[PDB]
Every structure is written in structure tokens, then in C-alpha cells.
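Okay, structure first, notes after.
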Amino acid sequence: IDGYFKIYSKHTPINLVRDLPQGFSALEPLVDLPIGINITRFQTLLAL
Amino acid sequence: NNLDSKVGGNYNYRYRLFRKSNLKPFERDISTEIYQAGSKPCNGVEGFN
Ligand SMILES: *[C@@H]1O[C@H](CO)[C@@H](O[C@@H]2O[C@H](CO)[C@@H](O)[C@H](O)[C@H]2NC(C)=O)[C@H](O)[C@H]1NC(C)=O
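Quick note, the sequences are listed as chains C and B, same order. For the first sequence, counting from 1, position 46 maps to 242 in the entry's author numbering; every step adds exactly one. For the second sequence, counting from 1, position 40 maps to 478 in the entry's author numbering; every step adds exactly one.
This is how it looks when you write it as C-alpha cells:
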């Protein structure tokens, strides 16, 4: 937002089958950074 | 002036003179590229309008 950057997150255990779960849970803020750049795209990074 | 100014003029200081529109609040623009003032596009280093 307008010269600011933020993260929020949560983690939980569930035993479903193959999809995102039928319940309610909420994210706390983690970190904030004054990055101030145009941002238009993103990509996730995963190991082998 | 008693720090910055030079008898030839201190041209190490510059500003933006041409832009498509007014920039955003606390939004800076680091561009050197040629501005097109004419209806004609402009390509390469210089041209009319
Ligand atoms: C941040 O960058 C984007 C992309 O370079 C800018 O949006 C572009 O603006 C020009 C001029 O209107 C258009 O020709 C492009 O098609 C736009 N592209 C996209 C992806 O939107 C945007 O204006 C920039 N933001 C700031 C504040 O400078």
C-alpha cells in the first residue's frame, strides 16, 4: 500500500482428502518492509 | 548556494521536465528515455517533437 509492504500468516493441522478445508481460521501479521516499488507479478520457489 | 552553486553552474543537479502525466504521492520516476511530445512516436536517441 502506497509505499508499504506487509505479511500475515497462519498454520494448522487437518486430515481431509484433496482440498482446502471447511472451517474458519485467521492470520496474524509477521513482517513489514518499506520497499516502495511498483509490484505487478510474483513467483513461488520450491526445492527438490 | 554557499555549498552547491558553481561559477559555470552546478549541472550535477537535475529535474524532470516532460512526462505523460503527474506522478503518485511519494512516487518517484527514474527514467532517462526520450519523451514523445508530437503525435508521431519517437525512436532512437533524438528527433523532431
Ligand atoms: C508501474 O509499472 C506498470 C507497468 O510498467 C505501469 O503500468 C503501465 O503504464 C503504461 C502507461 O499508461 C501502459 O502503457 C502499460 O500498459 C501499463 N502496464 C501495466 C502492466 O499496467 C504503472 O503505471 C507503473 N506505476 C507507477 C506508479 O509508475
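Virtual Cβ for every residue (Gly too), placed ideally from N, Cα, C.
Straight-line Cα distance separating residue j from residue i
{"i": "B:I468", "j": "B:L455", "result": "13 Å"}
{"i": "B:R466", "j": "C:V213", "result": "49 Å"}
{"i": "B:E484", "j": "B:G446", "result": "26 Å"}
{"i": "C:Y204", "j": "C:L229", "result": "13 Å"}
{"i": "B:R457", "j": "B:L441", "result": "30 Å"}
{"i": "C:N211", "j": "C:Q218", "result": "11 Å"}
{"i": "C:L241", "j": "B:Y473", "result": "38 Å"}
{"i": "C:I197", "j": "C:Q239", "result": "20 Å"}
{"i": "B:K478", "j": "C:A243", "result": "50 Å"}
{"i": "B:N439", "j": "B:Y453", "result": "17 Å"}
{"i": "B:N450", "j": "B:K462", "result": "25 Å"}
{"i": "C:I233", "j": "B:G476", "result": "30 Å"}
Simplified DSSP assignment, three categories, for residue i
{"i": "C:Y204", "result": "strand"}
{"i": "C:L229", "result": "strand"}
{"i": "C:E224", "result": "strand"}
Short Cβ contact (7 Å threshold) for residue i with residue j
{"i": "C:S221", "j": "C:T236", "result": "no"}
{"i": "B:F464", "j": "C:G199", "result": "yes"}
{"i": "C:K206", "j": "C:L226", "result": "no"}
Residue i Cβ short of 6 Å to ligand 3 heavy atom set
{"i": "C:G219", "result": "Ligand 3 is absent from the structure shown, which contains only ligand 1."}
Residues near ligand 1, criterion Cβ-heavy atom distance below 6 Å:
C:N234, C:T236, B:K462 and B:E465
Looking at chain B, which residues of the region 206 to 223 of chain C have a Cβ within less than 7 Å of any of its Cβ atoms?
none
Between the region 446 to 468 of chain B and chain C, which residues of the former have CB atoms less than 9 Å from a CB of the latter, in chain order?
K462, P463, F464, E465 and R466
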